[PDB]
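Here's the structure we're looking at; comments come further down.
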Amino acid sequence: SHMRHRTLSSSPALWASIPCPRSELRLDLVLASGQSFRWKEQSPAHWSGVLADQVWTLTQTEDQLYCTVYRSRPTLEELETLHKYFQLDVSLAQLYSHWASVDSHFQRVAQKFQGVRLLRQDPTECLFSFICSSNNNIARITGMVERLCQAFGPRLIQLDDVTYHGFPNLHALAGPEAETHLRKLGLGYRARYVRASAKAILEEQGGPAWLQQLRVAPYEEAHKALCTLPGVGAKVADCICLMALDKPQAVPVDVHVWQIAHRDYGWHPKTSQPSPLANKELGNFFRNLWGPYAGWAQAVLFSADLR
Ligand SMILES: Cc1cc(C)n(-c2ccc(CC(=O)Nc3noc4c3CCCC4)cc2)n1
């Protein structure tokens, strides 16, 4: 039978519910605010994309986050995977308070941008999503991640005129053919780096259990370990640390962070010398204003900066 992208209108039988205030999560602010690049609004206010090799459509009211899956409706198993994805364990309201009480600029911005939170992403997925492109702009990375998924990850399902592949496994990326293929897709020289990091993870660190150990490790160790990988520098490593390795204190520094720091906070390098040195300084700067969940505080201001 031909499968359509579902709505709350087309087939109510096929939806479960997670009790979730629109104060703790706005999907229109999280799913395409530069954290994950695999979610798409196919029909109005309905978010469809791949998660852990299963296709989901998501939507919400003021009370309830509504979920449907494409493999019948979601289990406890499958709803516990969304609960940990959105990190609903953590009270965002108790962060938007603590960030308010130290940051007057937050309190003004955070009126209009409620319910921005971090996703807990898959380490492999996140790592390769950030090394396949410049990270110039959301649209660039979103297209590259799709091309990458279309050619290296297994076909999963058709929905309307759209075919969903899963995120590539390390073996598909690590093969002796990977680069020449990846360069078809437009990755340029970053095709070298995609292969070599996959090769490195499988054949020198024990495969993805390595990244799970970094998730267990403290921030500094995982960062450092992430930078030994080809194609990974300081910004990408903090992205991964923040977004996949449970390091809320990570503050990935790039030219938008600089722009926000300077215009909105009055910040300049105390070194008096953008550089490796000064960027490290700016991330120290933000950790010390915002606290242990500093990245999550960045997330809000990034949503606010895209509008
Ligand atoms: C026009 C414009 C304005 C902005 C802020 N971007 C933009 C945003 C996002 C990305 C991808 C990226 O790098 N995301 C992140 N890096 O650190 C963080 C994130 C996401 C969550 C909070 C920590 C690229 C561009 N584009």
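We number chain A the same way Swiss-Prot does; the residues here are 9-79, 86-287, 291-324, in that order.
Header says: X-ray crystallography, 2.3 Å.
Heads up, the Cβ atoms here are built off N, Cα and C, so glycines get one too.
Features as listed in Swiss-Prot:
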type: BINDING; residues: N149, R154, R204, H270, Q287; note: DNA binding site
type: ACT_SITE; residues: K249; note: active site, schiff-base intermediate with DNA
type: BINDING; residues: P266, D268, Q315, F319; note: 8-oxoguanine binding site
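Straight-line distance between the Cα atoms of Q287 and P291 is 10 Å, even though 3 residues between them have no modelled coordinates. For the recorded site, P266 (8-oxoguanine binding site), the DSSP three-state label reads coil. Non-local contacts of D268 (8-oxoguanine binding site) by the CB criterion (under 8 A, 6+ apart in sequence, same chain) comprise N149, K249. Applying an 8 A CB threshold to same-chain residues 6+ apart, the list for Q315 (8-oxoguanine binding site) reads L256, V265, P266, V271, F303. The record assigns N149, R154, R204, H270, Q287 to the DNA binding site, and the maximum Cα to Cα distance across that set is 33 Å.
Separation across the 6-residue hole in the deposited chain, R79 to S86, is 9 Å (Cα atoms). Separating the Cα atoms of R154 (DNA binding site) and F319 (8-oxoguanine binding site) is a whole-number distance of 17 Å.
Cβ neighbour counts within 10 Å, taken over all protein chains shown, single out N149 as the most crowded of the binding-site residues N149, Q287. The Cβ neighbour count for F319 (8-oxoguanine binding site), using a 10 Å radius over every protein chain in view, is 19.
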